[PDB]
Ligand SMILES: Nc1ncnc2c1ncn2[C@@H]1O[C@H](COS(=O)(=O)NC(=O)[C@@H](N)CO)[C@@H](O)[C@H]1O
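One chain comes next, on its own, written out as structure tokens in the form solved without this ligand.
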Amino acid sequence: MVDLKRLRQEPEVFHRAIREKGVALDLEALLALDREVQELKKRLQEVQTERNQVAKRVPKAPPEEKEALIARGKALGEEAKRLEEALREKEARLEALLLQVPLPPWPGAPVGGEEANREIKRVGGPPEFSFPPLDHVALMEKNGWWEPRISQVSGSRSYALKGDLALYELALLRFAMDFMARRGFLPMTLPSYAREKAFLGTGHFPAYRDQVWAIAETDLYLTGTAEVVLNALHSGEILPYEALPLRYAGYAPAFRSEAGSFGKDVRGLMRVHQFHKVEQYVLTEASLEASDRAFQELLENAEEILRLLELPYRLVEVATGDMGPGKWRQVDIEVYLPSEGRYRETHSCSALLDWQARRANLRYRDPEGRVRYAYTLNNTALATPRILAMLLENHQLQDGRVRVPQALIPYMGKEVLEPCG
């Protein structure tokens, strides 16, 4: 959500954001709907104002006149209800439209969709193999590291790991949490379900409603990211200025409903229904300089995890059509997947200004004792099983066995993943 006041005194800006972000919103019809709601509230107070006057003098009008007063009361009642009923209808139609208004992107954002995205930097390279590499599926198959029978049990777009690779999944999530804690973020372990209110908060509702799995016969939904929970914990509080910035490293299982059959079809570990993700969340003050400082920290944290993991990556500046309605800036980190000769997204670093804070009601008391809407940022720390695709391929030995990066040896208890079952 955006400031409505500013929506009417500067709609040109918001028109540019709607066009450039490819949002399917008619600004002008919104603004018109807004002036319906507004005229109606005025005429509705009027009618109850008249009715007040009538009701005052009903007894201690003569019997001769009090009858007329009653007739004017009833007709005013007809009015008040008729008017109120239309205002209601209109207000909720406005509220829905207002939940779609995009935040303007930062001035340097590439204009266009996915094609317009721009490579910032690249750190590292595709490994040079003294033997022809295997892909991650073939490595799993060979070493007995996953269970294909899971498909009959749970369905498509599902995975079960086994032997040393099951342990390696758990080692990676512990490693990400310890790394985060040592960087001053507050480590939390969280549930994977939430009420709708928490999804409106982040802007996953309404725009990405189709990506989410509902729990039948409840008012709960399964979450795609710990960001849904982390963002709603402080909803309705006025945080002290000295709390800021709030730095949260939240772990939770995550769930996704779909995506229209995959961009290198369906599977491996690449696109699955259920996964594990450690997210970084930042709640800061309503300045651009504090948002910019936080953005650079979240980014460097992800870069540092990839360096410790010994992975080749690159940073990419995300274009206006690819960002989302609520983003000011987004930089993606992509890792090299040798089997597909391609960089593949592993992290996504976003600055949302006060677009989520206006919808989730997150506020602080500034240094001058003014109550403001805070600024929110987020990035991934580590999600499994997607990085296991990259680790296996980049670190495969002639054998088909896999090397464990140095920083991960204390967590595994070994230098080499071994074949199982």
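In this text, rigid core is short for the largest set of C-alphas that superpose within 1.5 Å between two forms. One rule holds for the numbers: they count along the sequence shown, beginning at 1.
Below: the form solved in complex with this ligand, not depicted.
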**Prompt:** So which of 272-280, 100-108, 190-198, 235-243 is the stretch with heavy atoms within 4.5 Å of this ligand in the deposited complex?
**Reply:** 272-280
**Prompt:** Of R256, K90, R314, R267, which residue is found within 4.5 angstroms of this ligand in the deposited complex when only non-hydrogen atoms are counted?
**Reply:** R256
**Sole residue of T225, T284, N143, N301 within 4.5 Å of this ligand in the deposited complex, by heavy atom** = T225
**Prompt:** Does at least one non-hydrogen atom of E85 fall within 4.5 angstroms of this ligand in the deposited complex?
**Reply:** no
**Message:** Within 4.5 Å, heavy atoms only: does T376 come near this ligand in the deposited complex?
**Reply:** no
**Asked** Applying a 4.5 Å heavy atom distance criterion, does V37 contact this ligand in the deposited complex?
**Response** no
**Message:** With a cut-off of 4.5 Å between heavy atoms, is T320 one of the residues that contacts this ligand in the deposited complex?
**Reply:** no
**Item:** Residues in 344-359 with any heavy atom within 4.5 Å of this ligand in the deposited complex
**Value:** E345, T346, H347, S348
**Prompt:** For the list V111, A181, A259, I150, which one shows a CA move of 2 Å or more between this form and the one not shown after the core is fit?
**Reply:** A259
**Asked** Are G341 and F262 closer or farther apart at the Cα level in the deposited complex than shown, by 3 Å or more?
**Response** farther
**Asked** Which is it in the deposited complex for the CA atoms of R344 and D265, closer or farther than here, knowing they shift by 3 Å or more?
**Response** closer
